[PDB]
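**Student:** First, the structure itself, so that you have it in front of you.
Numbering (the numbering used here), first residue to last: 195 to 315.
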């Protein structure tokens, strides 16, 4: 149908907008602590600790395969990156401190993103 064509135009432009949110969240991690999945070679027991790993490159692959059906799905994936880090790493670490900063500075970018999806539909 043509009504599936228009559905994809209003997805495609969530995808296009979600691209821009991610670029901005990822600029709040200049240390690149969250750019890539935690290495199972380097942390072989990681899955004993964290059942749903997430990282920016993994969020991005799902993005360019148009796999986030709304903003809430994207926000869940972002919250995993932070929550996983805050459990796996202790409070007095560069990792935990980097998550706390990413959370705090992402909040502003997401608070605007929410309004732009509602407003633009």
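Quick reminder that beta carbons are idealized off the backbone N, C-alpha and C, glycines included.
Tell me the residue span of the alpha helix (DSSP H) that contains residue 233.
**Tutor:** Residue 233 -> no alpha helix (DSSP H), and no H or E assigned at all.
**Student:** Nearest CA to the CA of residue 226: which residue from 310, 275, 313, 256?
**Tutor:** Measuring from the Cα of residue 226, the nearest candidate turns out to be 275.
**Student:** Report all residues from its chain with a CB closer than 7 Å to the CB of residue 246; omit the five preceding and five following residues, and keep chain order.
**Tutor:** Taken in chain order, the residues that qualify are 274.
**Student:** Residues in its own chain within less than 6 Å of residue 267 by CB, not counting five upstream and five downstream?
**Tutor:** Once the five neighbours on either side are set aside, residue 267 has no close Cβ partner at all.
**Student:** Please confirm whether residue 303 and residue 218 have their CB atoms less than 8 Å apart.
**Tutor:** Yes, Cβ-Cβ distance for residue 303 and residue 218 is below 8 Å.
**Student:** Please confirm whether residue 300 and residue 272 have their CB atoms less than 8 Å apart.
**Tutor:** Yes, the Cβ-Cβ distance between residue 300 and residue 272 is below 8 Å.
**Student:** What are the boundary residues of the alpha helix (DSSP H) that residue 195 is part of?
**Tutor:** Residue 195 -> no alpha helix (DSSP H), and no H or E assigned at all.
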